[PDB]
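Order of listing sets the numbers, starting from 1, for every ligand and every atom in it. Residue numbers run from 1 in the order of the sequence given.
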Amino acid sequence: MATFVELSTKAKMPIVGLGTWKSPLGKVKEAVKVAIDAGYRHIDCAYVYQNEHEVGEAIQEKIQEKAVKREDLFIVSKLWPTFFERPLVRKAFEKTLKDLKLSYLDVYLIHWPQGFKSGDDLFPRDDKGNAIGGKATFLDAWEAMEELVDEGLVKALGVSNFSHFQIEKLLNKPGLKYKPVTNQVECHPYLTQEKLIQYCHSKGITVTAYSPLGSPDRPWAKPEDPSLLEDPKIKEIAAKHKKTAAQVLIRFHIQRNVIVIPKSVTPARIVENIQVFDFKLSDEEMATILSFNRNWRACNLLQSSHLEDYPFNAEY
Ligand SMILES: NC(=O)c1ccc[n+]([C@@H]2O[C@H](COP(=O)([O-])OP(=O)(O)OC[C@H]3O[C@@H](n4cnc5c(N)ncnc54)[C@H](OP(=O)(O)O)[C@@H]3O)[C@@H](O)[C@H]2O)c1
Ligand SMILES: O=C(O)COc1cc(Cl)ccc1C(=O)NCc1c(Br)c(Br)c(Br)c(Br)c1Br
């Protein structure tokens with residue numbers, strides 16, 4: 001189904017993908033199967049979601065049943081920041097690839113720019129809940145990740161939650177073998193990322209929008225927190241096309257040429273979320289939606305600010 005966004009490597013990244021954060025075991029498998037049936041080809045995964053082994057089962061089921069070919073799939077995973085020391089990059093990725101039951105990843109992302117204490121405690125923190133840093137940096141990680149590409153275990157590298165300063169830091173590293181093909185960040189009408197998107201696009205870096213629906217199931221959600229799916233102005237635009245709010249929030253990205261990865265394990269929503277290629281938001285509707293920016297992050301902590309390379313203090 002989906003149209004694509006051309007990467008700098010000329011690989012074609014499907015513009016709508018399936019999110020898998022918090023997709024439970026015993027539902028993520030069916031989620032993936034339904035999505036591939038509905039025409040999804042891009043699946044967004046991560047080591048830290050601890051459900052890649054169930055994602056792997058589903059992908060293998062559908063390739064073996066002729067529903068899809070491996071080369072038409074676009075599989076993305078992410079390296080967690082406790083594994084930034086070189087030998088741990090390899091062991092984490094190998095766990096990821098084995099779980100996914102694949103011979104290669106299409107894209108491997110640095111999940112978060114700050115290094116955390118190395119090892120298999122994924123969330124090292126002090127008593128007060130603040131992150132514990134490790135000395136390895138995202139540049140150390142990138143180095144070991146470039147080997148995976150040399151060996152063809154990964155077709156391309158990317159970053160996630162990077163501000164333009166840290167991408168500059170990355171692109172200006174003397175000795176860089178490969179460049180990031182995407183920057184995966186939170187993006188939606190409340191956090192429109194105009195400056196970051198402009199920046200990345202000018203450096204030949206695509207943007208992948210995460211939490212496009214305002215991530216309404218996030219466990220740290222307060223009832224006073226803004227809710228994009230219930231936003232009357234968003235709902236007004238959807239009604240105007242006889243579409244759902246989710247469909248408008250997804251199509252918003254497509255029209256900015258931004259890749260977008262709504263998560264669902266509900267078959268109807270998964271199908272709904274990819275029916276976004278039969279309407280168009282007008283120029284005035286795009287303008288209106290863009291105006292909703294209030295720099296609101298659904299995904300934030302301030303529990304790791306004390307570490308170097310915190311991405312959200314910068315303006316973009
Ligand atoms: N790189 C990063 O740091 C990072 C951070 C956050 C997220 N992620 C990626 O981005 C993906 C998407 O973001 P997200 O999971 O935070 O939240 P999201 O996709 O904005 O929203 C997910 C929530 O919306 C519900 N939903 C999905 N479609 C719907 C629809 N059509 N109508 C009403 N509700 C709907 C889902 O419910 P059901 O599942 O019950 O259907 C789920 O509760 C993640 O799954 C993950 O792959 C990456
Ligand atoms: O990546 C996903 O799909 C799910 O993302 C999450 C899931 C949970 Cl339970 C809690 C927080 C997030 C999240 O904010 N991720 C982006 C993010 C990460 Br990563 C890290 Br590390 C830090 Br520090 C900060 Br701040 C932020 Br913002």
[atom]: the protein heavy-atom neighbour that sits closest, reported with distance to 0.1 Å:
atom: atom 18 (C) of ligand 2; answer: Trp112 CE3, 3.3 Å
atom: atom 2 (C) of ligand 2; answer: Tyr49 OH, 3.2 Å
atom: atom 26 (N) of ligand 1; answer: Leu213 CD1, 3.7 Å
atom: atom 9 (Cl) of ligand 2; answer: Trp21 CZ2, 3.7 Å
atom: atom 12 (C) of ligand 2; answer: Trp220 CH2, 4.1 Å

ask   = Which of the atoms in ligand 2, numbered in the order shown and given with their element, are less than 4.0 Å from a heavy-atom of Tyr210?
value =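 In order of number, 16 (C).
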ask   = Which of the atoms of ligand 2 are close to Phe312, meaning less than 4.0 Å from one of its heavy atoms?
value =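 Checking each atom against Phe312, I get 27 (Br).
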ask   = Closer than 4.0 angstrom: is that true for some heavy atom of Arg218 and an atom of ligand 1?
value =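 The answer is no: ligand 1 sits nowhere under 4.0 Å from a heavy atom of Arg218.
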key: Enumerated ligand 1 atoms positioned under 4.0 Å from heavy atoms of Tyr210   =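 Here the atoms of ligand 1 in question are 1 (N), 2 (C), 3 (O), 4 (C), 5 (C), 6 (C), 7 (C), 8 (N), 9 (C), 10 (O), 48 (C).
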ask   = Could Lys233 and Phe292 be counted as a cation-pi pair, given that NZ or CZ must be under 6.0 Å from the ring centre and within 45° of the axis?
value =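 Because its charged atom misses either the 6.0 Å distance or the 45° angle limit, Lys233 does not stack over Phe292.
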request  = Find out whether the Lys NZ or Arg CZ of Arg294 is both under 6.0 angstrom from the six-membered ring centre of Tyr190 and within 45° of the ring's axis.
outcome  =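 Checked: cation-pi criterion met.
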Under-4.0 Å heavy-atom contact between protein and atom 21 (Br) of ligand 2 =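 True for atom 21 (Br) of ligand 2.
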Aromatic ring centroids of [X] and [Y] under 6.0 Å?
X: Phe93; Y: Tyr108; answer: yes
X: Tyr310; Y: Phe312; answer: yes
X: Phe116; Y: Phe83; answer: no

inquiry  = Determine whether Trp80 and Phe123 satisfy the following criterion, ring pair (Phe, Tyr, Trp, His ring centres under 6.0 Å), listing intermediate values before the conclusion.
reply    = CA-CA 10 Å; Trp80 188 249; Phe123 313 107; 5.8 Å; yes
Hey, is [X] touching ligand 1 through its side chain, its backbone, both or neither, going by heavy atoms under 4.0 Å?
X: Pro212; result: both
X: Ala246; result: side chain
X: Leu109; result: neither

Derivation and outcome, salt bridge (charged side-chain N to carboxylate O under 4.0 Å, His left out), residues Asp106 and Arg70 = CA-CA 10 Å; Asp106 292 274; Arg70 174 51 183 104; 2.8 Å; yes
inquiry  = If we set the cut-off at 4.0 Å for heavy atoms, which region of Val48 has an atom near ligand 2: side chain, backbone, both, or neither?
reply    =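 Near ligand 2, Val48 shows nothing, with every heavy atom at 4.0 Å or more.
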Polar atom proximity, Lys263 to ligand 1 (N or O, under 3.5 Å) =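 By distance alone, the answer is yes.
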query = Could an N or O of ligand 2 be found under 3.5 Å from any N or O of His111, whether backbone or side chain?
reply =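 By distance alone, the answer is yes.
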request  = Closest by any non-hydrogen atom to atom 25 (Br) of ligand 2: pick that one out of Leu301, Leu307, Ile261.
outcome  =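 Checking each option, the heavy atom nearest atom 25 (Br) of ligand 2 is found in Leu301.
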